[PDB]
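Asker: Pasting an experimental structure, sequence included:
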Amino acid sequence: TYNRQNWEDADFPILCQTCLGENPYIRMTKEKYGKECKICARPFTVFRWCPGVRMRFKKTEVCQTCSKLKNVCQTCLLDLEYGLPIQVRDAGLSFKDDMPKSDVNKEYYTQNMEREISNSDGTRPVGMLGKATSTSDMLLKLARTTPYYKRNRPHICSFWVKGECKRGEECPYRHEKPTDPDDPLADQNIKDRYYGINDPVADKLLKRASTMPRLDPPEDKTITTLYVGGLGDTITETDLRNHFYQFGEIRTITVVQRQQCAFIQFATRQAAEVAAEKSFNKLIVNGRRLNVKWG
Amino acid sequence: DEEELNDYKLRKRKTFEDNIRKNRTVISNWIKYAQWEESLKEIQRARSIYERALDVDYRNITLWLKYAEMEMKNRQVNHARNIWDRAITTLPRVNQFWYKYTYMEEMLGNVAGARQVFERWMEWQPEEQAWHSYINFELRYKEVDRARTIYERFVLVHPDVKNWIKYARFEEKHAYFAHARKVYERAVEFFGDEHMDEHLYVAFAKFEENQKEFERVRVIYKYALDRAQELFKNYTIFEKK
RNA sequence: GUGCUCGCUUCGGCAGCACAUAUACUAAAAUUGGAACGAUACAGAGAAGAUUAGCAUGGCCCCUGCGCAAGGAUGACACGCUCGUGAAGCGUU
Ligand SMILES: [Mg+2]
Ligand SMILES: [Mg+2]
Ligand SMILES: [Mg+2]
Ligand SMILES: [Mg+2]
Ligand SMILES: [Mg+2]
Ligand SMILES: [Mg+2]
Ligand SMILES: [Zn+2]
Ligand SMILES: [Zn+2]
Ligand SMILES: [Zn+2]
């Protein structure tokens, strides 16, 4: 009769670079027990700020325990290291973690993980980060590098949609047309985005990543000789030999500047496959980028 | 039929959870819930049920026994090894855990390195059946110097006249007559030297009668001079032979 | 915006100086999910004859109450564990 979820009261929120904005001087507001968590339904310390000039006054949505558990932002619900949905990262690494959906089991599991984290060092996304050591499979290809500030854009003025926004240019909300309501990208359940179940953004990025054969190769009839284009005279056979020395023993390494192709062949099929996958539009040696294909 | 089976499983799980919540300390509800989950081929659900029951009361022998038997009845051998390691490290004085761990790692496991694991039990000074089973296990693995060290530690840890007689019989059966004579001499020098047990002297006289009848007659005369009716019977047997 | 210039110099203004320096859960909304328990219907008041006073005990069951009080049908809910068959280990033959 004396078990309940403890209230998470802590400073220093864990946010992305994009949602934090671009100004080095940010004015910041904190409520001690302002709102509830959007997932585990516990009260938590709510942080609110304006990321920039014409932004939305973004505020934290989920509690710090859930965000430390899934290694995501407290507002964007995207991964801190890569800026991806957690469904995409779970498809990349491991999807056997899961979480309960019924509220009593969810509160019990969250209390157990909170006690485990509080008995730990304090800032560690459990052993899942231990399963996150293997990386750069395909997630680095579609990961953003620039801060996408267009998701800090303000909301659409509903009075302007009906054509009755009497504020005009004084209205801070957007006086532009919204997205298509018939589009299935516009559903976006928050619990579905947190749990990584049927998120349409994750499905669209998985379909986009599946159409980019950056690790396919294998266009030769059991021949290890593959041609990497884009090398030219800038990349010589020494860089190809240094790249193939990690795979073991190389059968042949050569570079031809007449066709600007590096011919790489290995005595092992697995080493030649790894050398073709590493050089398929992802290898840069001596200032020259190589794309692997049949030769 | 799938929806009816799901409703039946939901009703059975609701009644099992209500029986758990009504009386938490009654472990038979936990055992029945875990066996019903194992009968529906849900290994991880029954493992979670058993882990919850061990969190409720870890001192029960039957919870560990049933959860290790459920791990061993399936193909989860390493899970059963982890379960037995936890059961040994929490409850070392329960010999049934040791016996079933050694039968699991000896018959099904067939690993000789489990004998090194068995040496962990030899840190705990168990009852004499553990020493006898380890003697017979080292004989089944065809080791006699190791079994000599085992029986020497058995004599040092649990000294008894029957233990010294078993050491003499094991040294005689392993074709080490000089070691058997030295063990009989050490047993005469230490075990009942002033207590006058008059039973290790009879075994030494029997070993000498197997070896040389003059030393057997001398041992029978020394036993008759040191002393019962059995010593007089042994002296009459030595005089008749 | 106010006030003043060893101003430019018209008498209007420019220029400079000084003061004044960061509101908003930013909506007059669009949305979204939860529901009093009233109508009907299901429904039917503990203790081995009947009519019944009750106090508890347990917790992912609550309500009225300012309650460490008292009520809510005792607030409701909360029963079935002495011989053989095999297997393993131990000692004798
Ligand atoms: Mg009655
Ligand atoms: Mg009363
Ligand atoms: Mg009462
Ligand atoms: Mg009453
Ligand atoms: Mg009454
Ligand atoms: Mg009552
Ligand atoms: Zn963010
Ligand atoms: Zn939370
Ligand atoms: Zn507007």
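Answerer: Perfect, thanks for sending it. Residues are numbered from 1 along each chain as shown, chains lettered A, B, ... in the order given. Ligands and ions are numbered 1, 2, ... in the order given.

Asker: helices or strands up against the longest strand along chain A?
Answerer: Assignment by DSSP state E gives strand A:28-36 as the longest strand of chain A. Contacts defined by 3 or more C-beta pairs under 8 Å, 6 or more residues apart in numbering or on different chains; DSSP states H and E place strand A:28-36 against strand A:43-49. To be clear about C-beta, it is placed using only N, CA and C from the backbone, and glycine gets the same treatment.

Asker: now the helices for chain B?
Answerer: B:2-22, B:27-39, B:43-56, B:61-73, B:77-90, B:95-103, B:114-122, B:128-140, B:145-157, B:161-173, B:177-190, B:200-211, B:213-226, B:229-240 (DSSP state H).

Asker: Helix or strand: which one has residue A:111?
Answerer: Element membership for residue A:111 (DSSP states H and E) is helix A:103-118.

Asker: swap in residue A:252?
Answerer: Going by DSSP H and E, residue A:252 is in strand A:250-256.

Asker: residues in contact with the residue of the stretch 151-295 of chain A at minimum distance from ligand 8?
Answerer: Nearest to ligand 8, among the residues of the stretch 151-295 of chain A, is residue A:194, at 9.3 Å (C-beta to the ion). Contacts of residue A:194 were listed using C-beta atoms under 8 Å, 6 or more residues apart in numbering or on different chains, and they are A:38, A:39, A:62, A:66, A:70, A:72, A:77, A:86.

Asker: Then it would be within a strand, right?
Answerer: No. Read with DSSP: H, G, I helix; E, B strand; the rest coil, residue A:194 is helix and lies in no strand.

Asker: just checking, what packs against the strand holding residue A:252?
Answerer: Going by 3+ C-beta pairs under 8 Å, 6+ apart, strand A:250-256 lies up against helix A:237-244, strand A:261-266, helix A:269-278.

Asker: Of those, flag the one that's most buried.
Answerer: strand A:261-266 (a mean of 23; mean count of other C-beta atoms under 10 Å in any protein chain shown).

Asker: give the contact list for the spatially most central residue of chain A.
Answerer: When C-alpha atoms, centre = their mean is applied to chain A, the residue found nearest the centroid is residue A:84 (2.0 Å). Neighbour list for residue A:84: A:78, A:139, A:142, A:143, A:205 [criterion: C-beta under 8 Å, 6+ apart].

Asker: By neighbour count, which of those wins?
Answerer: residue A:78 (22 neighbours; other C-beta atoms under 10 Å in any protein chain shown).

Asker: and that one, what does it touch?
Answerer: Here residue A:78 is in contact with A:16, A:72, A:84, A:85, A:86 (C-beta under 8 Å, 6+ apart).

Asker: rewinding a little: do the helix holding residue A:111 and ligand 8 meet at all?
Answerer: No. Residues of helix A:103-118 are not located near ligand 8 by C-beta under 5 Å from the ion, the shortest gap being 6.2 Å.

Asker: okay, now the nearest residue to residue A:54 once chain neighbours are set aside: neighbour count?
Answerer: Leaving aside its sequence neighbours, residue A:54 sits nearest to residue A:154 (C-beta to C-beta, 6 or more residues apart in numbering or on different chains; 6.7 Å). Number of residues near residue A:154 (other C-beta under 10 Å) recorded here: 13.

Asker: isn't residue A:154 right up against residue A:53?
Answerer: No. Using C-beta atoms under 8 Å, residue A:154 makes no contact with residue A:53, being 10.9 Å away.

Asker: sorry, back to before: does RNA strand C sit close to the longest strand of chain A?
Answerer: Yes. For strand A:28-36, a contact with RNA strand C is found by C-beta under 7 Å from any atom of the strand, at A:31, A:34.

Asker: Give me the neighbour count for the closest residue to residue B:220 other than its chain neighbours.
Answerer: In space, and not counting its chain neighbours, residue B:220 is closest to residue B:238: 3.8 Å by C-beta to C-beta, 6+ apart. Look at residue B:238: counted by other C-beta under 10 Å, it has 20 neighbours.

Asker: quick revisit: ok, and of the contacts of residue A:194, which contact ligand 7?
Answerer: Subset of the contacts of residue A:194 in contact with ligand 7: empty, counting by C-beta under 5 Å from the ion.

Asker: any chance of the residues you listed in a markdown table, plus neighbour count?
Answerer: Shown next, in a markdown table, are these (neighbours: other C-beta atoms under 10 Å in any protein chain shown):
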| residue | neighbour count |
| --- | --- |
| A:38 | 17 |
| A:39 | 23 |
| A:62 | 23 |
| A:66 | 24 |
| A:70 | 24 |
| A:72 | 24 |
| A:77 | 21 |
| A:86 | 19 |
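
Asker: picking that back up, how about the strand holding residue A:252 as PDB, C-alpha atoms only?
Answerer: The C-alpha trace of strand A:250-256 is given here as PDB (Å, rounded to 0.1, in the frame of the first residue of the first chain):
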ATOM      1  CA  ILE A 250      44.300  -8.500 -51.000                       C
ATOM      2  CA  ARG A 251      44.700 -10.400 -54.200                       C
ATOM      3  CA  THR A 252      45.200  -7.300 -56.400                       C
ATOM      4  CA  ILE A 253      45.200  -3.600 -55.800                       C
ATOM      5  CA  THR A 254      45.600  -1.200 -58.700                       C
ATOM      6  CA  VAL A 255      44.600   2.300 -59.800                       C
ATOM      7  CA  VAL A 256      44.100   3.500 -63.400                       C
END
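
Asker: residues from the stretch 101-250 of chain A in reach of ligand 9?
Answerer: So far as C-beta under 5 Å from the ion goes, the stretch 101-250 of chain A lies against ligand 9 at A:157, A:160, A:165, A:171, A:173.

Asker: Return the member of those nearest to residue A:128.
Answerer: Closest to residue A:128 out of these is residue A:173 (38.6 Å), distances taken as C-beta to C-beta.

Asker: from what I can see the closest one touches residue A:57, true?
Answerer: No. Counting by C-beta under 8 Å, residue A:57 is not a contact partner of residue A:173; they are 11.9 Å apart.

Asker: between these two, who's got more neighbours?
Answerer: In terms of neighbours (other C-beta under 10 Å), residue A:173 is the more surrounded of residue A:173 and residue A:57; the figures are 16 against 12.

Asker: nearest residue to the more buried one other than its sequence neighbours?
Answerer: residue A:157 (3.7 Å).

Asker: How much space separates the residue of the stretch 1-150 of chain A found nearest ligand 9 from residue A:173?
Answerer: Per C-beta to the ion, residue A:54 is where the stretch 1-150 of chain A lies closest to ligand 9, at 13.4 Å. Distance, residue A:54 to residue A:173, by C-beta to C-beta, to the nearest Å: 11 Å.

Asker: Quick check: neighbours shared by those two?
Answerer: Contacts common to residue A:54 and residue A:173, judged by C-beta under 8 Å, 6+ apart, are residue A:154.

Asker: before we move on, the earlier item: secondary structure element holding the residue nearest to the centre of chain A?
Answerer: Counting by DSSP H and E, residue A:84 is found in no helix or strand.

Asker: got the phi/psi numbers for it?
Answerer: Backbone geometry at residue A:84, expressed as degrees, to the nearest 10, gives phi -120, psi 160.

Asker: For the nearest residue to residue B:83 once chain neighbours are set aside, give me its contacts.
Answerer: Closest residue in space to residue B:83, ignoring its immediate chain neighbours: residue B:68 at 4.7 Å, by C-beta to C-beta, 6+ apart. Taking C-beta under 8 Å, 6+ apart, we find residue B:68 in contact with B:80, B:83, B:84, B:87, B:100, B:104.

Asker: Adding distance to RNA strand C, write those out as a markdown table.
Answerer: Shown next, in a markdown table, are the contacts of residue B:68 (distance: C-beta to the nearest atom of the strand, whole Å):
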| residue | distance to RNA strand C |
| --- | --- |
| B:80 | 16 |
| B:83 | 18 |
| B:84 | 14 |
| B:87 | 17 |
| B:100 | 8 |
| B:104 | 10 |
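
Asker: Can you work out which other helices and strands pack against the one helix or strand residue A:66 maps to?
Answerer: Using DSSP H and E, residue A:66 sits within helix A:64-70. Packing partners of helix A:64-70 (3+ C-beta pairs under 8 Å, 6+ apart): helix A:103-118.
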